[PDB]
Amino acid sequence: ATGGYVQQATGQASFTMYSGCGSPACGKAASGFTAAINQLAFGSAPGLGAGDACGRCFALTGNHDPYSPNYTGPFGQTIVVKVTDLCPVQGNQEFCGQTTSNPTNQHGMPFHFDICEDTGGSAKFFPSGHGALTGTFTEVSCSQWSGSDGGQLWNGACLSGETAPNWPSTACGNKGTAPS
């Protein structure tokens, strides 16, 4: 996509959970299930504001725990998240370090979703005792997502991806250039 970001409507991903998603990089939180996506897919860099992932909805499915290779299941439910946040390259190399020159993370995955614990999404997705998974994602209509958006935390905040057609398309737009 513009800026060299890698923004695809379906693919393979890793998954983790995080806490504290009330002041996220898109500039608006949301009451439903939300996630951060790795920088290369988010479409912005820390401090540059919203990227084109902002507001888009994705169905996530886990099917392997790389830290427990003998575990065969069960896994969690498929959940639909709205992307509100950025998982940056710098802060999280193992999972979100994909760049244009090395577009997979340490688990071989080209995308990563960090699911916010606060609003309940991680409790539906991760079976107890398994905090990192790999699997798949697919972009869906936000008709499949439940919740409401919060108010803008700053000028330029954007969740307009929530009404956009699936990638390829443009809603909030990408900022800057993807990490090399």
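Position 1 is the first residue in the sequence shown; the rest follow in order. So that the term is clear: the rigid core is the largest set of C-alpha atoms that superpose within 1.5 Å between two forms.
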### Query
91-99 versus 78-86: which one's CA atoms end up farther from this form in 4 other deposited structures of this protein after a core fit?
91-99
### Query
Out of 30-38 and 65-73, which one has CA B-factors that are higher on average in the deposited record?
65-73
### Query
As stated in the PDB record, which stretch has the larger average Cα B-factor, 101-109 or 83-91?
101-109
### Query
Considering only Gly135, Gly49, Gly121, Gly55, which residue's Cα atom bears the greatest B-factor as recorded?
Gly49
### Query
In this PDB entry, which of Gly147, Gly129, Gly43, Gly150 has the top CA B-factor?
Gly129
### Query
Hey, what third does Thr16 fall into on Cα B-factor, ranked over its chain?
lowest
## Note on the structure
Among the modelled residues of its chain, the C-alpha B-factor of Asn166 falls in the third labelled lowest
### Summary
Here the Cα B-factor of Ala157, set against its chain, lands in the third termed highest
